[PDB]
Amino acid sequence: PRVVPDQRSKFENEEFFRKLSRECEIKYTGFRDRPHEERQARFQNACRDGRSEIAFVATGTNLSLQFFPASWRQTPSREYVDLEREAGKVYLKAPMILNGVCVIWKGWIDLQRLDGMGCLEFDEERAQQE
């Protein structure tokens, strides 16, 4: 769809991205006002459907994520939603165009705490076909 003329440059030089290109505290934000027990279920069910809302706590940057290849209901592969790689938590991959630059959101979340670590990656491959 729409991107700035020089994505990598923007991704590497701007504070918004840099402050987001290194593993930092992330936290699920779905059903914010509800019993933690339920939220935990919501999170996993949503993860199995390939979607979630995870905000970067430090900056309050909220993101709605889709765990599917940028290309494109249908269960996500273990590449975008991994429940094994590490018992207790789930590793997530989510492509998107953020502020005009193709990126990939990667991170994991503790199925118990519903908090975790994640960051943004420049998606070279996607960026060039745009």
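One-based numbering along the sequence shown.
- Unmodelled residues of the deposited sequence between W72 and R73: 4 to 9.
- Per the PDB record, of the two stretches 97-105 and 29-37, 29-37 carries the greater mean B-factor over its C-alpha atoms.
- Legend: mean Cα B-factor per stretch from the PDB entry, 62-70 versus 42-50; the higher mean is in 42-50.
- Per-chain ranking of the deposited C-alpha B factor places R22 in the highest third.
- Sorting the modelled residues of the chain by their CA temperature factor places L92 in the lowest third.
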